[PDB]
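Residue numbers (the entry's author numbering), protein chains in the order written: chain L, 1 to 108; chain N, 1 to 107; chain A, 1 to 352; chain a, 1 to 26, 34 to 113, 124 to 159, 165 to 352; chain B, 1 to 352; chain b, 1 to 26, 34 to 112, 122 to 160, 165 to 352; chain H, 1 to 120; chain M, 1 to 119.
Cβ coordinates follow ideal geometry from the N, Cα and C atoms, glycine included.
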C-alpha cells in the first residue's frame with residue numbers, strides 16, 4: 001500500500017568513484033528503511049537496516065542517511081565486488097514493500 | 001587372594017528337572033557374591049547379585065542362597081536356553097576372583 | 001505458628017501467633033523431595049492406566065511436572081523389575097495447561113517386586129522400550145489430549161518455603177475440577193487482600209469499591225479455584241470477573257474492575273504475565289463512543305517494533321488494563337487502536 | 001511486611017514477605040473542637056446518650072471524658088458527660104451522631130443539671146430508643167488510633183480492624199474482640215471460638231470466606247451477634263445458638279465434654295431450649311446428659327462461672343427447673 | 001543498615017543498627033545482572049589478551065563462570081562488529097579451581113563500533129569462528145593452564161541476597177593472589193565465630209581453646225584469604241591449619257584443631273564438602289602408637305560398598321576429622337585402618 | 001538467628017540467618040552468701056576494696072549493696088559495703104578477690129558499722145590503689165535480661181570476651197563491647213573512621229576478638245593499648261601516633277576526624293612539637309582560630325566531649341602561646 | 001549459523017494448488033523472538049512480500065493475494081509451509097523463506113530460493 | 001543403554017607392549033558413580049580380573065601382574081585404555097572392558113571381547 005520509488009534505475013561507475021542511490025516513499029516513514037544487495041543467482045542480503053545502522057561483516061564504505069520521505073545510499077569508493085542490484089525496503093506498516101531496484105555496473 | 005571353589009565341575013540335566021550348583025569360599029565373605037552366565041561365544045552377563053538379588057530381565061526360575069563360605073545356585077525348571085557356563089564371583093576384597101566354572105548339558 | 005514481623009516504613013515490630021500467608025510464587029525451582037504414594041503403587045497405577053487406554057499425562061501445574069522429573073528414573077527402574085514393557089518420558093510444559101478428561105485409577109494390589117521408599121541410592125537404570133507414557137511434551141500427534149489424565153494427585157504433607165523438605169502426595173479416588181487447596185493462602189487485613197497459591201499472586205485494594213489491583217502469574221492453570229478459600233463469593237456473576245473462571249480465577253468481588261468484562265482472549269500463551277492498570281510506554285488511551293467493540297487482545301508494538309500511539313475504549317475506566325510479557329505490552333479486549341487498522345497488529349489466538 | 005515464623009511441632013523456620021494475622025484477643036477521637044460540637048448538636052435534638060459498639064469505644068470515651076468536659080466549659084455550655092461500665096450483649100440503638108457543619112469557636126467542671134450518658138446502667142434516665150449507636154469510623158489504624171464521626175448510616179462492623187486468613191487446612195476470622203477458628207475435617211467446620219465482647223453489628227461480607235448458599239439457621243454464632251455468614255461458622259447437627267449464655271463477660275466455645283459429665287445420643291430425650299449450666303446453684307455437678315441427634319464431641323460454653331451446654335443438650339433425669347438457665351435471646 | 005533479629009528457641013527479639021553477616025553460600029544460582037566493565041572495553045581487553053598469547057580464562061569461583069555465561073552472547077555480537085575473528089566458549093567448572101599465571105590487560109583505547117550498557121534488548125547473534133577463547137571446561141589439551149588468565153576482576157558494587165539486582169565489576173590494574181574482599185563477611189560474638197564468603201561457611205567455637213567446629217565448602221578456590229578479614233592472625237603456623245592456605249583457608253587460630261595438621265591431601269576433587277568432627281556410620285577410631293603414619297585421605301567404604309569397621313591413629317583427639325561428600329565419607333590424613341591394607345581402599349589423588 | 005535488614009540508601013530489604021552485631025553503646036552476682044564469704048575473706052587478708060573495670064560492675068555493686076549488707080548482718084559480721092561513683096580513666100589494681108572454699112551460713125538495713133569496704137569511689141585518701149581488687153568477675157552466660169556473674173579463679177589482665185562483638189563486611193568493620201564502638205573503613209588503605217566511648221577502662225582487648233593482629237607496632241595505634249585499644253591495623257591512621265595524652269578524663273568521648281567549628285588547620289614545617297591535647301576554646305569561651313601541625317593528614321583528629329572540642333597530640337595553635345590554653349593532665 | 005532450505009514442486013499445472021516447505025537447520029522453529037515469512041521474485045520484475053506467521057498463531061497475508069494463501073508451522077519436522085491455491089501463469093517466480101527478529105525492524109536471513117513454473 | 005566396544009591389534013610379538021582401548025557409547029566416561037575395569041579369559045581356563053580405575057584417579061592393579069599394567073582415562077575421545085608390557089605366550093586370552101556401579105557391588109556390564117594372540 002506504501003509505494004516505494006527508486007531512482008536512478010541504473011548507473012555505471014568506475015572503480016574508486018562514488019555511487020549514490022535515492023529511495024522515495026509515498027508517505028512519511030520515520031526511520032523504518034532497509035537496504036538490500038543481490039548478486040546474480042543469489043538471495044538478497046541485508047546490508048543496512050534502520051536507514052543507517054550497518055550489518056556486521058559489511059564494509060564501512062557503505063553508508064545511509066535520510067528521514068521522512070527521502071533516503072540515500074552512497075558507496076564512497078566503488079570496488080569491483082560491488083556489481084549487484086540494490087533494493088530499498090520499508091517496514092513501517094505491513095505489507096512490506098520493495099523498490100524496483102538499481103543495477104550498479106562497474107565501468108572500466 | 002581369596003580362592004573360590006565350585007562344585008560340581010559339570011552336570012547334565014533333562015528339560016524340566018532341578019539343578020544345584022555349589023560355590024565355596026576360602027574365607028568368610030558375608031554376602032558379596034555374584035552369579036554369572038556365559039553363552040558360547042558371548043561375554044558373561046550378570047544374573048544374580050549379592051547372593052539373592054536377581055537382575056532385571058531374568059527368568060524367575062533362577063534363585064540363590066547362602067552366607068559365609070557356602071553358596072548355592074538353583075534352576076527350578078531347566079529349559080533348553082539354559083545351556084551355558086556359570087561362574088561365582090566374590091567382591092568382598094580386591095582382587096576380585098572367579099570360580100573355575102560349571103557346564104550344564106541338556107540331556 | 002509463632003512469628004515476628006517488621007514494617008520498615010516507619011517502625012512496626014510485632015510478635016505472636018496466628019495464620020501467616022507468604023509469597024510462595026515459583027516454588028518449583030527450589031530443592032524439594034517428592035513422594036507420590038509408593039513406587040510399587042504408582043507403578044501399578046501407571047500400568048493399569050496404560051492397559052485401560054490412557055496414553056499420557058497433562059500436568060495441572062509446574063510442581064507436578066517437577067515431581068515427575070524427580071521420580072522418572074525410579075519409576076522406570078521399577079516396572080521393568082515387574083516385566084512391564086513401558087517407559088515414562090517427561091517433557092516441558094506449554095501455556096496454557098489444557099484440561100484433560102481422564103484420571104489415574106487407584107490400584108488395589110500394588111505391583112510386587114520393586115522396592116519401598118522413594119529415594120533408593122543405587123539401582124540399575126532401565127533400558128528404553130517401544131511403549132512411551134508421555135508427560136507434557138510436544139507430543140500431541142502421538143496421542144491427543146482426549147486420552148490424557150489430568151489433576152490426579154493430592155498433596156498430603158509439605159514444607160514449602162523451607163528447603164530440603166519432603167512433599168507427600170496421593171492418587172485421589174474421586175473426580176474433580178478443583179485446584180489443590182493444600183497450597184492455597186488467602187488473607188485480608190483492613191483495605192488490602194491477597195489470593196495466592198504456588199503460581200498465582202493476586203492483589204485487591206479497597207477503593208470507593210473493592211476492585212482488582214494487580215496480579216502476577218507464572219503459569220496458566222485450568223483448574224477451578226475452591227470457594228472455601230475465596231472471599232465474598234456471593235452475588236457475583238461469571239461474566240464480570242477479570243481473570244476467567246476457566247483459568248483458575250477466583251469467583252470473588254475482589255476479582256472485578258469497573259468497566260471491564262472477563263478477558264477470555266488475552267495473551268494466555270505467554271510463559272509469565274503481570275496484570276497492571278497503567279498505560280504502556282508511548283501510548284495514550286481516550287474514552288469515546290465512536291471506538292470499536294471488544295476483540296482479541298492486541299500488542300502495543302507491531303511486528304517490526306513500531307509503537308502504536310493512540311488507543312480508544314467505549315466505556316472503560318482509567319487507567320487502562322494491560323498485560324506485561326517478555327515480548328512487550330498487550331491491551332485488554334476493550335481497548336482498540338484509534339487510527340491504525342487492527343489487521344496490522346499482533347493479536348492473541350488463544351481463547352479460555 | 002517482612003518477617004520470620006517457626007513451626008515448633010516439626011522445627012522449621014522460614015522468612016519472607018506476605019500478610020500476617022495475629023491473635024490480638026489473647034482510642035483518640037476526631038478532634039476536641041468538633042466532637043464537642045457533635046455532642047451538643049446531638050443533645051438539642053434529644054439524643055440522650057451513647058451505646059458502644061465494642062469495648063474499644065467505651066475505653067475511648069473513658070479516656071477523653073474530662074478534656075471534652077473542659078472544652079464544653081470553654082464554649083459556655085452547661086453539659087457534662089458520664090461514662091460507666093458495659094454489660095453484655097451490647098444492644099444497638101437507632102440514632103446516630105450528627106456531623107456539625109461548623110466548629111465551636113471558643124480542671125474539671127462541677128456536675129451540671131444536664132447529663133449525657135455513655136454506656137452504663139442508666140436505662141431509667143433515657144431508654145435505648147434515644148441512644149446513638151455505631152457513629153465512628155477508624156481512619157488510620159496505628165499507638166494512636168484515629169477516629170472520625172461517620173457521615174452515613176450503617177449497620178456493619180468497622181472493617182479497618184478485621185483480619186481474615188486461611189492457609190491450607192486452617193482458617194480464622196478475627197477482629198479486636200473475636201477470634202474464630204475453623205478446620206478442614208471431611209468438611210470445613212467451626213473448631214474453637216474466643217469472645218471478649220458481645221456486639222450486635224454485622225460482619226461484612228468483603229471480609230468473609232465462602233459466603234454463598236448459606237442458610238442463616240445453621241450458623242453456630244448468630245448473625246445478630248456479629249457472626250460471619252460463612253460455611254466456616256457451621257457444625258453438623260447444631261443449629262443457631264440464639265439462647266446461649268450471652269450475658270457472660272468472656273466466653274469460649276469448644277467442642278468437649280465438661281469434667282464429670284457425659285452426653286449420650288438418644289431419642290427419649292427432650293427438645294431444644296435455653297442453655298443450662300453444668301452445675302446447680304449449690305455447685306452439684308449433673309452427671310448424665312442426652313440430646314436427640316447431635317454429633318460428638320458436644321458444644322459447650324465456658325465462662326468464668328463454669329460450663330454451659332448447647333441448646334440441644336438437655337439433662338437426662340434432673341428436671342430442668344433445678345438448673346440455672348440463660349435468660350437472653352438474640 | 002537497620003535490622004531486627006529473633007531467636008525462637010529463647011523467644012527474644014532485638015532491633016538496631018550495626019553490621020550483619022548472612023549465610024550467603026551458593027549465591028550464584030540465583031538471578032542477578034552482571035556488568036563486567038563495558039561491552040567495548042571488555043572486548044578490547046579480550047582482543048589484546050588474545051594478541052598477547054593468553055588462550056583463555058581459568059575461573060576463580062562459580063560466580064565468575066556464571067558472569068561469563070551471562071555476557072558471552074553480547075561479547076560475541078560485539079567483537080564481530082569490529083572484524084575480530086574470535087569466539088568466546090564457556091564450559092563447566094571442575095574442582096579444585098587451579099591457579100593461572102596470567103592476567104587480563106587493561107585496555108587503553110577501547111574497541112570502536114559496538115555499543116554501551118550491557119543488556120541490549122535486540123541484536124543479531126554472531127557466527128562461530130575458527131579461533132576460540134575458552135573459559136573453563138574440558139579443554140586443557142587445546143590450551144594448557146600455563147597460558148590462562150586468572151583472578152582478573154574486582155567487584156565495585158553488588159546487591160547479593162536481593163534478587164534481580166546488578167553486580168558491577170572491573171578489570172584490575174594490579175597483580176595479586178588475594179580473594180575479593182567485597183563479598184567476605186567475618187564476625188565473632190561471645191564464643192562463636194564465622195569466616196564466610198560466597199562459597200565458604202567456616203565456623204569455630206570457644207572450648208578450652210578456640211578451635212574449628214565445622215566447615216561447608218561448595219567450591220575449592222586457590223586464592224588467599226585476606227588478612228584484613230581474618231581474626232587472630234598473629235603467632236600462627238601455616239602447617240597447623242586445617243584448610244590449607246593454598247585452598248583459601250584463613251590464617252587464623254580459628255582454623256586449628258589439636259592433634260591435626262594441614263590436610264594437604266584431602267578429597268578436594270568433590271563438588272561440595274562438609275568438614276565435620278564425628279565418626280562415620282559403622283566405624284570406630286582408636287588412638288594407638290602402633291598405627292601407621294599420615295598419608296592420602298581414604299574413603300570409608302571400598303569400591304564394592306563394604307564398610308571398614310576399625311581405624312587407628314597415633315596422636316588424635318576425638319571425635320575424628322571426616323569429610324562428607326556425595327559418594328560417602330573420607331577420613332583425615334591422620335586416621336588409617338587397623339587390619340585392612342591401605343592398598344585395598346579408595347584414596348585421594350589431589351594435592352594442594 | 002534469623003532476621004531481616006534494610007539499606008535505606010538504596011531501599012533494599014532481605015532476610016536470612018547469620019551473625020548480627022548491634023550498636024549497644026549509645034545486675035545479678037555469683038551467689039547471695041558465697042559472694043559475702045569471698046568479700047569477708049578478702050577483707051581479712053588486707054584488701055581494702057574494689058576498683059571497677061567498667062560501668063557495668065559499678066551498677067552491679069549499686070544494685071546489690073543493701074542485700075549484701077543484710078546478708079552480712081544476719082551472720083553477725085561487722086562489715087559494710089560502700090559504693091560510690093566512678094571517674095575516668097578507671098585505673099587497675101593488683102589484688103584479686105579470692106574464691107572462698109566455704110560459704111557463710122532482708123529489707124532491714126544494718127546501721128553504720130565502723131568498718132567500711134569501699135567500692136570504686138572518692139575514697140583514695142582512706143586507702144591507696146595498691147590494696148584494691150580489680151577485674152575479678154566473669155560472665156557465665158551473657159543473655160537473659166539477667167546477667168549471671170561469677171568470681172574467677174585465675175589472674176588475668178584481659179577484658180571479658182563474653183560481651184565483645186567484632187564484625188567486618190565488605191568495606192566496613194566494627195570492634196565493639198558494652199562501652200566501646202570503634203569503626204573503620206576501606207579507603208586506599210584500612211583506617212580508623214570514628215570512635216564513641218562512654219567509658220575508658222584499662223584492660224586488654226583479647227586477640228581472639230581482633231581483626232588483623234599481625235605485623236603491628238604499638239606506637240601506631242590511635243587508642244592506646246593501655247586503654248583497651250585493639251591491636252589491629254584497623255586502629256591506625258596515616259600521620260598519627262598513639263594518643264597517650266588525650267582528654268581521657270571525660271565522662272563520654274567521641275573521636276572524629278573533622279574540623280571542629282570556628283577553626284582551621286594548616287600543614288607546616290615550622291609548627292611546634294608533639295604535646296598534650298589542647299581544648300579549642302579558652303576558659304572564657306574564645307575560639308582559637310588558627311592551628312598547625314608538622315606532618316599530619318587532613319581532616320585532623322579531634323575529641324568531642326560535652327565541655328568542648330579538643331585536638332590530638334600533634335595539632336598545636338599557630339600563634340597563641342600554649343600557656344593560655346586548657347590542657348589535658350592525664351597520661352596512659 | 002542458521003540455514004534455511006526451501007523445496008517443493010518444480011512445475012505446477014494451472015488451477016491446482018502450490019505447496020512449499022522450508023526446513024530450518026541450526027535452530028528451532030519454536031524460539032520466541034522470531035517470525036517466519038515468504039517472499040517471491042517475479043522474473044525480470046521486482047520482489048513481492050507474501051506474509052508472515054508466528055509460532056503462537058498470529059499471521060498476516062498480503063491483500064494482493066486475495067484470500068488464496070495459507071501458512072502453517074510443523075514442530076515435529078522443524079519446518080513451516082506455504083499453500084497457494086488456484087494458480088495462474090502469473091505465479092511463476094522464485095520463492096524465498098526468511099526468518100526475522102521480532103521488534104528489530106526486519107532484520108532477516110533469507111533462504112536460497114526455489115523456481116516454480118506454471119505451464120503444461 | 002550403555003554400549004561398550006573395545007579394539008586393538010589382533011596379534012602381538014613377544015616382549016613388546018600390548019595396548020588395548022575401549023570406547024564408550026550411550027554414556028559419558030566422566031559420570032559420577034562408576035569405575036572401569038578389565039578382565040581377561042585364558043583359553044580352556046577361568047576369568048582373571050586385572051584391575052579398575054576411577055575417573056578421579058584412584059586405581060587398583062592385580063598383584064599377579066607385577067608392575068606390568070597401567071590404565072588411563074581419555075575424556076576427549078570418551079574412552080579408557082590398558083597397557084601391558086613384556087608380553088608372553090601366557091598373556092594370550094580374550095580381553096573384556098567393563099563398567100561397574102560404584103558403592104553398590106561389582107554390578108557390571110561387559111563388552112564383547114577381543115582376542116589377542118602372542119607369538
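Of all Cβ atoms in chain A, is any one closer than 8 Å to the Cβ of residue 239 of chain a? Position 217 of the fourth chain, counted from the first residue, corresponds to residue 239 of chain a. Taking Cβ atoms only, chain A never reaches closer than 8 Å to residue 239 of chain a, which makes this a no.
Can you check DSSP and say which residues form a bridge with residue 49 of chain H? Numbered from 1 along the seventh chain, position 49 holds the residue referred to as residue 49 of chain H. In DSSP, residue 49 of chain H forms a bridge with H/39.
Local conformation of residue 48 of chain b per DSSP, three classes: The residue given as residue 48 of chain b occupies position 41 in the sixth chain. Note: residue 48 of chain b maps to helix in three-state DSSP.
Assuming contact is defined by CB atoms lying nearer than 8 Å, are residue 16 of chain N and residue 78 of chain N in contact in what I supplied? As a first step, residue 16 of chain N is located in the second chain; it is residue number 16 there, counting from the start. As a first step, residue 78 of chain N is located in the second chain; it is residue number 78 there, counting from the start. Taking 8 Å as the Cβ cut-off, residue 16 of chain N and residue 78 of chain N qualify as a contacting pair.
Does the Cβ-Cβ distance between residue 330 of chain B and residue 299 of chain B come in under 8 Å? Residue mapping note: residue 330 of chain B aligns to position 330 of the fifth chain, counting from 1. Residue mapping note: residue 299 of chain B aligns to position 299 of the fifth chain, counting from 1. Closer than 8 Å, so yes.
Count the CB pairs spanning the region 151–159 of chain b and the region 337–344 of chain B that are closer than 8 Å, and state whether there are at least three. no
Using CA coordinates, which residue listed in B/230, B/180, B/120 is at the minimum distance from residue 60 of chain B? By 1-based counting over the fifth chain, the position of residue 60 of chain B is 60. Of the listed residues, the one whose Cα sits closest to residue 60 of chain B is B/180.
Residues from the region 27–41 of chain N in contact with chain B, defined by Cβ distance under 9 Å: 30, 32
So with CB distances below 7 Å, who are the chain B contacts of residue 103 of chain M? Numbered from 1 along the eighth chain, position 103 holds the residue referred to as residue 103 of chain M. Near residue 103 of chain M (Cβ distances below 7 Å), the residues of chain B are 301, 305, 327, 328.
Since residue 139 of chain A and residue 211 of chain A should fall inside the 8 Å C-beta cutoff, what is the C-beta to C-beta distance between them, to a whole number of angstroms? Reading the third chain from its first residue, position 139 is the one you call residue 139 of chain A. Reading the third chain from its first residue, position 211 is the one you call residue 211 of chain A. Residue 139 of chain A to residue 211 of chain A, Cβ: 41 Å. No contact.
Please name the residue in a/186, a/269, a/270 whose C-alpha comes closest to that of residue 232 of chain A. Working through the third chain from its first residue, we reach residue 232 of chain A at position 232. Residue 232 of chain A has its Cα closest to that of a/186, out of a/186, a/269, a/270.
Note down, in chain order, every chain N residue with its Cβ under 7 Å from the Cβ of residue 110 of chain M. By 1-based counting over the eighth chain, the position of residue 110 of chain M is 110. Within chain N, the residues near residue 110 of chain M are 43, 44.
I need the straight-line Cα distance from residue 317 of chain B to residue 289 of chain B, nearest angstrom please. In the fifth chain, the residue the question calls residue 317 of chain B occupies position 317. In the fifth chain, the residue the question calls residue 289 of chain B occupies position 289. Distance between the alpha carbons of residue 317 of chain B and residue 289 of chain B is about 13 Å.
With a Cβ-Cβ cutoff of 8 Å, do residue 64 of chain b and residue 153 of chain b count as a contact? In the sixth chain, counting from the first residue as 1, residue 64 of chain b sits at position 57. In the sixth chain, counting from the first residue as 1, residue 153 of chain b sits at position 137. Yes.
How long is the line joining the alpha carbons of residue 199 of chain a and residue 135 of chain a, rounded to whole angstroms? Position 177 of the fourth chain, counting from 1, holds the residue named residue 199 of chain a. Position 118 of the fourth chain, counting from 1, holds the residue named residue 135 of chain a. Taking the straight line joining both Cα atoms gives about 20 Å.
With a threshold of 8 Å, are at least 3 pairs of Cβ atoms found where one atom belongs to the region 303–320 of chain B and the other to the region 276–285 of chain B? yes
Residue-level contact to chain a via CB, residue 16 of chain b, 8 Å cutoff: Residue numbering aside, residue 16 of chain b sits at position 16 when the sixth chain is read from its first letter. True, the Cβ-Cβ gap to chain a drops below 8 Å.
Identify the residues that DSSP records as bridge partners of residue 170 of chain A: which are they? Within the third chain, numbered from 1, the residue matching residue 170 of chain A stands at position 170. Residue 170 of chain A is bridged to A/154.
In the DSSP output, what is residue 234 of chain A paired with across the bridge? Residue numbering aside, residue 234 of chain A sits at position 234 when the third chain is read from its first letter. DSSP output for residue 234 of chain A lists no bridge partner at all.
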